């Protein structure tokens, strides 16, 4: 129903819109690393998230390093499983080239080009797909102008040769927080968005103001990852600040995916240890984070 109703997504005047030019907001879940917790990514679990939580997007977090795709490329097949499930379930899907320790996206740019060529050739005639080409550029030696933007200007043409206008999300500096610099030096492609990531354990008032600055430059922003925890993915749950961010994102038409769908013993994880990897969770099988996130999506 979601993808049939909204169809082809695009950017108009800095906003995500549907094929009738109306604003749309996506809200959903990210997987954890597919090399560690891929059992939670399947048609049945995604269907349960769609029907019981109300998700309309799912993010497939394919780590490049840390045992991910560069080390063992078989994980790309789990991305394909996720995309095919989203197509069958009529929801949107984010294909996330999940850089982190490999902090400069140029480190694995050759492999990224080949991966996004393959994915856009396979899936480029479906409206479901959103390409996230570099999760979290980071380090003082990785800047928008010097590293990230030129990386994007090599990968985006590869995608566009197969898929002329599905959305592309481009990571920003400082773990996808530096939307100010991106917004002052935007890419040419009209269907690009810049990633912004937050964790509720960080006091967020200036970060909200920086998102507003970026929006005021006409840049589109997708909150492609956020958590209720501290910035480590652990360290407690911060639901007061999470709610402030939820309300901010609703006021600003910002789409989002929450980190993450796993039973790992960390506060950002949505599930508790006994949760079935094919869905059907009871209240007791959701963590405090998962309960909150489910409520936010159901309220929506």
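Positions refer to the first chain, counted from 1. Think of the rigid core as the biggest set of C-alphas that the two forms share within 1.5 Å after superposition.
- Relative to the displayed structure, the C-alphas of 226 to 234 lie farther away on average in 8 other deposited structures of this protein than those of the other candidate, with 122 to 130 and 226 to 234 compared after rigid core superposition.
- Between 188 to 196 and 70 to 78, it is 70 to 78 that carries the larger average Cα temperature factor according to the deposited entry.
- Higher mean CA B-factor, judged across 52 to 60 and 229 to 237 from the recorded values: 229 to 237.
- By the numbers in the PDB entry, the CA B factor is greatest at 101 among 135, 128, 120, 101.
- Across 46, 272, 29, 26, the entry's maximum B-factor at the CA atom is seen for 272.
- In the deposited entry, the Cα temperature factor of residue 145 sits in the top third of values across the chain's modelled residues.
- Per the deposited record, the Cα B-factor of residue 36 falls in the highest third when ranked against the other modelled residues of its chain.
- Placement of the Cα temperature factor of residue 244 within the chain: highest third of the modelled residues, per the deposited record.
- In the PDB entry, residue 171 places in the lowest third of its chain by CA B-factor.
- In the deposited entry, the Cα temperature factor of residue 215 places it in the middle third of its chain's modelled residues.
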